[PDB]
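Below is one structure, written out as structure tokens; the observations come after it.
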Amino acid sequence: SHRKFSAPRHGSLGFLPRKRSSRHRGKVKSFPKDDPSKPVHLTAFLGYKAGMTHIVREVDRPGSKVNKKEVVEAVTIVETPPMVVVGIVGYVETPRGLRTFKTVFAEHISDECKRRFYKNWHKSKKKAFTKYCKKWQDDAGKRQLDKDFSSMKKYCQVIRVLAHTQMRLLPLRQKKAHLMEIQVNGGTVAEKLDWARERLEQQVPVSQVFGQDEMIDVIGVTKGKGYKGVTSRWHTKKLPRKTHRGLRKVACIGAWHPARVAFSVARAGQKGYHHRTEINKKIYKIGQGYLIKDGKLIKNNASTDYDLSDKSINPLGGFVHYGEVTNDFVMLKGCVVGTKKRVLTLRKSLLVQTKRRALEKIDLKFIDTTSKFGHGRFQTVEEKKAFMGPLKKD
Amino acid sequence: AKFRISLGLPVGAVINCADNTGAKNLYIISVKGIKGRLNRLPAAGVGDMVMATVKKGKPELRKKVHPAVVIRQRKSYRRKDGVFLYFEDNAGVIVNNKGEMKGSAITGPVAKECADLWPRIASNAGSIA
RNA sequence: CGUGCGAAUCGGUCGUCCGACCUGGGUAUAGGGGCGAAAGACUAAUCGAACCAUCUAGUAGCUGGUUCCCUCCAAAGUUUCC
RNA sequence: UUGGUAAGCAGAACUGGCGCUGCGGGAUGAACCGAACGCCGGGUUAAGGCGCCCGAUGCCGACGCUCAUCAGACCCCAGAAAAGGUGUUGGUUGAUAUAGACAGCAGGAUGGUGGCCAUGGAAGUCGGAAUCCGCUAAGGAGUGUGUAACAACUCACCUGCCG
RNA sequence: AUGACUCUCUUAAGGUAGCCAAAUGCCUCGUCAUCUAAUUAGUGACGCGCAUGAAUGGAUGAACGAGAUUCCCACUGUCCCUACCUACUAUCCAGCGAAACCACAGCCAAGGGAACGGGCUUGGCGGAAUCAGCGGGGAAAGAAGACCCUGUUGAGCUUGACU
RNA sequence: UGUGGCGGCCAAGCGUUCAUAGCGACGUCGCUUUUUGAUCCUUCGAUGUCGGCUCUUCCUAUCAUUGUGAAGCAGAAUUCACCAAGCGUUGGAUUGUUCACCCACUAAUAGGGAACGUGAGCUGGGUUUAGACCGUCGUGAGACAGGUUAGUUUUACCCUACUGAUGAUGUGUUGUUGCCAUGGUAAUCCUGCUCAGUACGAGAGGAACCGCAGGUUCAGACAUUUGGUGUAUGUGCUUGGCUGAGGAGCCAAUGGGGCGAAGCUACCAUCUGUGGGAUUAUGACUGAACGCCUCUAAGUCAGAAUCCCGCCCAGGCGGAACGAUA
């Protein structure tokens with residue numbers, strides 16, 4: 001006998017192995033598909049979640065009732081010190097998949113990157129890549145090496161690069177810089193590898209991977225939340241107040257006979273810290289860091305064209321629970337996964353993007369700095385003194 | 001076309017009236033346009049078009065269902081522009097099925113989402129929002 | 001609480017509270033018997049007939065059980081009268 | 001073989017089982033098919049089998065039938081018909097043909113007559129029983145479509161090409 | 001339509017005051033009126049009353065009620081739709097440390113079978129040892145079914161059963 | 001499997017005519033087990049026995065939507081059939097309901113199974129113990145598918161199952177980056193403008209695509225802004241007591257009360273939700289069988305909420321390529 005009236009159901013039945021993710025950095029499960037027509041470029045990159053604030057813009061979309069009017073849309077701030085290549089890595093095509101073929105490293109690998117090979121840097125003689133480099137300046141290691149760069153040049157078809165972050169430049173406690181494979185999509189593998197080598201030990205900035213007003217996809221790990229109940233985890237109906245042993249439950253587990261209990265049904269357990277891949281997050285501006293010149297330091301990030309004050313995206317008292325943002329940044333409309341301080345893999349889209357809500361070019365008119373630690377009313381410290389006069393300290 | 005709102009007038013509320021019919025109370029029996037879900041109480045807000053019983057007025061009108069419209073609200077609703085906006089009361093008029101008023105004028109303001117939407121109230125209006 | 005603190009408790013909310021009120025001591029009523037503002041209530045954790053010993057190992061066309069091996073033969077549920 | 005629509009239902013005649021009984025076979029199991037047993041060596045068998053699971057066709061085994069966008073594969077046994085087919089395949093009866101059939105592609109398809117009884121009309125065409133000849137190579141007192149009556153257009157039956 | 005009136009069979013008389021779809025009316029969610037947007041509900045009349053009716057008591061009524069029932073103003077997490085906080089446990093550690101229950105045990109399909117198998121048959125399959133939860137399954141535990149039937153087994157009640 | 005439920009064959013006639021658009025008298029072949037019956041095979045040293053609360057899966061005999069054929073289809077609509085069970089199928093009054101009937105909204109408010117799904121999940125409102133009152137029966141103890149009032153819902157710490165958390169196995173020890181076998185699976189429906197007061201229609205009425213702009217229903221996140229919490233016991237007030245008294249505060253199982261950072265958090269705040277292949281109905285190109293035709297017999301085309309791979313989630317008693325190696 002049957003269900004008297006119908007509903008729909010509680011939760012998504014693809015996402016269901018609701019376990020605490022095996023990895024702490026978002027894995028890219030799938031990069032795009034290349035076409036030898038277009039020139040070389042990296043695909044992915046690395047940032048850190050540092051904040052959230054307002055904007056204000058004057059909108060064009062002909063048709064709707066918000067045309068040439070001024071909305072406010074919200075944003076996140078992702079901080080992006082430019083990344084440093086240290087190697088290449090070749091993959092081959094097969095009938096059991098994609099076997100990894102040969103790996104090489106640069107002569108000079110930093111100590112934030114010699115920090116990525118250890119569980120303990122305190123006791124260890126830091127001996128990784130000590131015998132390896134050696135090869136890069138003897139006349140019997142220019143040939144063996146370029147035997148092999150001439151072996152990828154034949155056999156391999158997929159080519160990738162490898163880049164360590166820069167945690168000498170972030171305001172965090174830690175010092176262990178993230179190694180991350182990245183696909184290089186473009187010309188025939190000959191060209192693809194003429195470009196790579198040439199970049200070992202160089203810096204690659206965010207101007208080069210991404211551009212303004214783009215549609216990127218955002219990969220990471222969730223804000224975690226503890227072994228939580230069935231009412232918080234799955235979003236069921238509470239029970240009515242008279243129930244003998246509790247009312248934040250499912251009251252019927254299963255029927256009598258197919259006498260098991262099915263993975264379909266909702267249960268207690270761990271809430272959050274899953275892995276997750278949201279899409280189609282826009283880019284409203286790519287920021288510039290604190291460049292010094294001619295004595296003075298220049299720090300106008302937030303300076304829009306429509307108010308030209310001296311301020312950077314940084315708010316009064318700093319961003320909360322994080323730091324100050326000096327290094328060049330990207331400004332995402334909408335919210336993104338993870339806590340503050342947590343590391344956020346980027347990516348292009350797979351899907352070739354033409355609608356109208358894609359091709360919408362953006363320029364802004366306001367960017368928020370009023371302290372988030374409280375309930376702010378002042379845009380910049382100097383403006384305060386001017387409103388308030390001198391205090392009993394002066 | 002109509003943007004959405006943050007809504008608070010579900011079934012069996014009593015909003016007061018803002019026309020000169022001989023109607024104080026309006027009582028919402030259901031909302032027009034709504035489809036469903038198990039256990040959800042169907043609700044209207046500003047600009048929506050309710051179905052309504054009058055509860056104390058000119059005996060003429062009491063006992064029967066007329067279509068009403070909502071005009072001011074007590075729930076807070078965010079316009080695109082940035083602001084949260086809210087009123088003193090819950091205020092609405094008695095309408096025939098096609099969208100035209102029953103009273104001559106309105107005792108108060110109107111909300112401009114509900115002075116935008118309708119083609120037959122904004123010219124009765126006291127002061128739009 | 002419900003393998004409890006309790007073989008009927010404890011908590012918040014409750015009914016009466018100068019009158020057929022509410023309690024200590026001494027005393028009369030004893031089992032087809034007592035007592036009952038009357039529910040078959042109460043009569044030492046027992047009540048539409050209390051408890052202790054005997055007659056007693058009371059009787060059962062009905063349940064349950066019924067202890068070492070090999071050798072040989074091997075049935076009946078149908079007929080009258082209760 | 002009696003009651004009951006029927007029941008893995010109630011009830012009786014003859015013989016043989018099961019209960020008390022294991023053994024080959026029917027994947028599976030009281031009753032169905034083979035055979036009834038002290039402990040074992042050779043031999044041949046019953047009923048059933050012979051791709052692998054699994055002993056045995058790993059035969060130059062015979063002649064036919066059948067395609068399924070829900071095929072078929074064994075006594076009791078465990079899935080079902082009235083009604084239909086221009087799939088293909090055997091069979092039975094009787095007509096159309098070198099005197100020129102069967103396609104197809106062309107030319108005719110009449111008057112007395114609008115045949116009489118009914119009905120507001122029955123020109124052949126709801127309807128009723130009756131249902132003829134002058135002409136011929138051939139044209140029926142009529143095969144259908146169409147109208148208030150028709151008109152107007154087919155087909156019964158014959159002709160040229162074709163073999 | 002309606003029946004003031006008239007007869008006719010019957011018993012010890014044959015229901016007189018009042019009072020109803022009730023704490024009492026089968027048909028029944030009786031039907032006119034009242035309260036709701038909508039009412040097997042509540043209340044105001046109508047009596048045909050299966051089986052209303054006068055100390056076996058009838059009809060009424062101020063006060064009263066931890067008694068049964070309906071609707072309006074107040075107020076609310078009872079609901080739309082759930083959030084967060086605090087106290088004590090639960091959790092982890094040292095010291096002390098019991099119970100119920102237990103053929104043997106413990107992953108599924110379908111098949112037969114005392115007709116709803118964890119063990120049999122055919123398939124799917126099977127990778128030490130364990131911490132927190134849950135309440136599908138063990139036709140879970142708990143008590144020689146309290147219902148029904150039998151027994152030539154009893155008791156408590158009652159009269160025209162027998163003594 | 002009689003009664004119930006559902007469906008076929010034959011065709012007198014209904015249909016202005018015309019048996020078959022849409023129906024189906026006399027008759028007759030069946031299917032189902034969401035109706036009650038039949039019977040008693042299993043359970044009496046016990047399978048907890050009415051209906052609502054909550055949750056999942058299946059069927060389909062298709063109520064919506066997708067894809068098409070027929071109408072007695074001019075357009076709007078309405079009716080019969082096909083593939084199709086992808087995705088939904090709601091809020092209220094009287095009643096204990098299973099059933100019934102009315103209000104309103106709607107793309108639509110199709111039907112069923114799962115021990116008549118579901119009491120160591122709840123509720124006990126009904127039935128079906130012991131108190132009490134009537135209305136029929138009996139001289140009576142007593143009796144009522146005649147009605148009423150009040151009447152205690154026990155256990156989990158063992159196995160499994162399901163959800164999560166440590167670990168096990170191999171390549172010499174250990175660490176870095178990765179591939180993907182097999183499992184899991186996601187998005188859905190609807191207005192407005194425009195076409196257009198156009199096609200069609202002698203009137204009344206009244207369509208469609210491509211292109212815009214929003215919306216529901218479901219899913220996955222998030223806290224800049226509104227909203228909720230508040231024992232930072234953070235700082236204003238304030239009542240009763242208490243240290244002789246002012247300044248400094250304490251007890252009243254958080255004293256009350258006012259505004260409140262951080263963190264948690266809500267369609268009560270904002271953010272995102274998607275690409276290709278083979279083919280079902282069906283409609284078709286060449287073309288036989290069968291001198292003519294013919295979607296079919298051999299050959300060739302288009303084709304869809306279905307199906308399957310991917311996008312996404314988890315990663316095997318499955319590998320790989322790289323550095324240090326006491």
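Identifiers in the structure tokens: chain A, B, ... in order shown; residue index from 1 per chain; ligand index from 1 in order shown.
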Within 9 Å of residue 87 in chain F, counting only C-alpha atoms (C1' of nucleotides), which residues show up once you throw out same-chain ones fewer than 4 positions away? Write them as a PDB file with N, CA and C atoms (P, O5', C5', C4', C3', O3' and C1' of nucleotides), in the first residue's frame, please.
ATOM      1  P     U F  65       0.133  18.182 -21.870  1.00  0.00           P
ATOM      2  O5'   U F  65       1.667  18.560 -22.021  1.00  0.00           O
ATOM      3  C5'   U F  65       2.262  19.529 -21.153  1.00  0.00           C
ATOM      4  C4'   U F  65       3.611  19.040 -20.730  1.00  0.00           C
ATOM      5  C3'   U F  65       4.450  18.433 -21.842  1.00  0.00           C
ATOM      6  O3'   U F  65       4.959  19.495 -22.653  1.00  0.00           O
ATOM      7  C1'   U F  65       4.553  17.082 -19.918  1.00  0.00           C
ATOM      8  P     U F 188      15.289  18.259 -17.339  1.00  0.00           P
ATOM      9  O5'   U F 188      13.875  18.689 -16.757  1.00  0.00           O
ATOM     10  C5'   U F 188      12.973  17.694 -16.271  1.00  0.00           C
ATOM     11  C4'   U F 188      11.938  18.333 -15.383  1.00  0.00           C
ATOM     12  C3'   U F 188      11.047  19.364 -16.054  1.00  0.00           C
ATOM     13  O3'   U F 188      10.026  18.742 -16.851  1.00  0.00           O
ATOM     14  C1'   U F 188      11.848  20.242 -13.997  1.00  0.00           C
ATOM     15  P     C F 189       9.709  19.275 -18.348  1.00  0.00           P
ATOM     16  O5'   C F 189       8.442  20.224 -18.155  1.00  0.00           O
ATOM     17  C5'   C F 189       7.219  19.767 -17.538  1.00  0.00           C
ATOM     18  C4'   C F 189       6.561  20.860 -16.719  1.00  0.00           C
ATOM     19  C3'   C F 189       6.192  22.138 -17.454  1.00  0.00           C
ATOM     20  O3'   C F 189       4.994  22.082 -18.199  1.00  0.00           O
ATOM     21  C1'   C F 189       7.306  22.712 -15.469  1.00  0.00           C
ATOM     22  P     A F 305      14.590  13.849 -26.198  1.00  0.00           P
ATOM     23  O5'   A F 305      13.407  14.236 -25.189  1.00  0.00           O
ATOM     24  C5'   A F 305      12.702  13.289 -24.336  1.00  0.00           C
ATOM     25  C4'   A F 305      12.662  13.801 -22.909  1.00  0.00           C
ATOM     26  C3'   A F 305      12.854  12.734 -21.841  1.00  0.00           C
ATOM     27  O3'   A F 305      14.245  12.752 -21.529  1.00  0.00           O
ATOM     28  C1'   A F 305      10.985  14.162 -21.315  1.00  0.00           C
TER      29        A F 305
END
Task: Exercise answer, chain F residues close to chain B, 7 Å and only C-alpha atoms (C1' of nucleotides), as a count of residues only - done: 8
TODO: At a cut-off of 9 Å, list the chain E residues touching chain B, using only C-alpha atoms (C1' of nucleotides), as a list in words.
DONE: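 Applying the cut-off to the listed atoms yields residues 36, 37, 80 and 81 of chain E.
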Can you spit out the residues from that selection as a PDB file, in the first residue's frame, using C-alpha atoms (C1' of nucleotides)?
ATOM      1  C1'   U E  36     -18.509  29.567   7.456  1.00  0.00           C
ATOM      2  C1'   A E  37     -15.268  31.212   1.247  1.00  0.00           C
ATOM      3  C1'   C E  80       4.180  27.893   6.986  1.00  0.00           C
ATOM      4  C1'   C E  81      10.050  26.538   7.957  1.00  0.00           C
TER       5        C E  81
END
Task: Within 9 Å of range 131-147 of chain D using only C-alpha atoms (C1' of nucleotides), minus same-chain residues under 2 positions, as an MDAnalysis selection string - done: chainID D and resid 108:110 115 124:125 149:159
TODO: Would you kindly return, as a PyMOL selection string, each protein, DNA or RNA residue with an atom no farther than 9 Å from any atom of residue 121 in chain E, considering only C-alpha atoms (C1' of nucleotides) and excluding same-chain residues fewer than 3 positions away?
DONE: (chain D and resi 27-28) or (chain E and resi 111-112)
- [ ] For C1' of residue 172 in chain F and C1' of residue 322 in chain F, quote the distance in Å rounded to one decimal.
- [x] 17.5 Å
Residues of chain F within 6 Å of chain A, counting only C-alpha atoms (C1' of nucleotides), what are they? List them as a PDB file with C-alpha atoms (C1' of nucleotides), in the first residue's frame.
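That gives us out_39.pdb:
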ATOM      1  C1'   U F  54       6.953  10.364   8.574  1.00  0.00           C
ATOM      2  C1'   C F  55      10.274   7.804   4.407  1.00  0.00           C
ATOM      3  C1'   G F 113       2.002  -2.350  -4.481  1.00  0.00           C
ATOM      4  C1'   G F 117       4.477  -1.301   3.125  1.00  0.00           C
ATOM      5  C1'   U F 118       5.547   0.698   7.937  1.00  0.00           C
ATOM      6  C1'   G F 121       9.180   4.714  14.655  1.00  0.00           C
ATOM      7  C1'   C F 122       4.972   8.030  17.072  1.00  0.00           C
ATOM      8  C1'   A F 161      21.702  -4.677   7.404  1.00  0.00           C
ATOM      9  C1'   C F 162      22.367   0.706   6.282  1.00  0.00           C
ATOM     10  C1'   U F 163      25.164   5.408   7.501  1.00  0.00           C
ATOM     11  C1'   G F 164      29.734   7.207   8.735  1.00  0.00           C
ATOM     12  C1'   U F 176      55.775  13.359  -3.836  1.00  0.00           C
ATOM     13  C1'   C F 179      45.872   7.294 -14.455  1.00  0.00           C
ATOM     14  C1'   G F 184      26.780   6.321  -7.672  1.00  0.00           C
ATOM     15  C1'   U F 185      23.966   9.926 -10.450  1.00  0.00           C
ATOM     16  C1'   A F 213      12.718  39.169 -20.237  1.00  0.00           C
ATOM     17  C1'   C F 222      27.520  30.888   1.029  1.00  0.00           C
ATOM     18  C1'   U F 224      29.048  41.524   1.849  1.00  0.00           C
ATOM     19  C1'   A F 261      31.527  41.886  18.094  1.00  0.00           C
ATOM     20  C1'   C F 271      25.396  32.664  -5.404  1.00  0.00           C
ATOM     21  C1'   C F 313      30.769  12.489  -6.520  1.00  0.00           C
ATOM     22  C1'   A F 314      33.714   8.011  -4.177  1.00  0.00           C
ATOM     23  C1'   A F 320      52.341   3.937 -13.656  1.00  0.00           C
ATOM     24  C1'   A F 321      56.040   7.586 -13.644  1.00  0.00           C
ATOM     25  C1'   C F 322      59.624  10.551 -10.084  1.00  0.00           C
ATOM     26  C1'   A F 324      65.514  10.505  -0.822  1.00  0.00           C
TER      27        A F 324
END
Against chain A, which residues of chain E fall within 12 Å? For each one I want the closest pair of atoms and the distance in Å (one decimal), counting only C-alpha atoms (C1' of nucleotides), rows by chain and increasing residue number, as JSON lines.
{"residue": "E:77", "atom": "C1'", "partner": "A:241", "partner_atom": "CA", "distance": 10.7}
{"residue": "E:78", "atom": "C1'", "partner": "A:241", "partner_atom": "CA", "distance": 8.7}
{"residue": "E:79", "atom": "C1'", "partner": "A:240", "partner_atom": "CA", "distance": 10.0}
{"residue": "E:81", "atom": "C1'", "partner": "A:237", "partner_atom": "CA", "distance": 9.3}
{"residue": "E:82", "atom": "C1'", "partner": "A:238", "partner_atom": "CA", "distance": 8.5}
{"residue": "E:83", "atom": "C1'", "partner": "A:232", "partner_atom": "CA", "distance": 10.9}
{"residue": "E:107", "atom": "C1'", "partner": "A:260", "partner_atom": "CA", "distance": 10.4}
{"residue": "E:108", "atom": "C1'", "partner": "A:260", "partner_atom": "CA", "distance": 9.6}
{"residue": "E:109", "atom": "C1'", "partner": "A:258", "partner_atom": "CA", "distance": 10.7}
{"residue": "E:116", "atom": "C1'", "partner": "A:257", "partner_atom": "CA", "distance": 9.7}
{"residue": "E:132", "atom": "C1'", "partner": "A:269", "partner_atom": "CA", "distance": 9.6}
{"residue": "E:133", "atom": "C1'", "partner": "A:268", "partner_atom": "CA", "distance": 7.2}
{"residue": "E:134", "atom": "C1'", "partner": "A:267", "partner_atom": "CA", "distance": 7.5}
{"residue": "E:135", "atom": "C1'", "partner": "A:253", "partner_atom": "CA", "distance": 7.9}
{"residue": "E:136", "atom": "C1'", "partner": "A:261", "partner_atom": "CA", "distance": 4.8}
{"residue": "E:137", "atom": "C1'", "partner": "A:259", "partner_atom": "CA", "distance": 5.2}
{"residue": "E:138", "atom": "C1'", "partner": "A:259", "partner_atom": "CA", "distance": 10.9}
{"residue": "E:139", "atom": "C1'", "partner": "A:256", "partner_atom": "CA", "distance": 11.4}
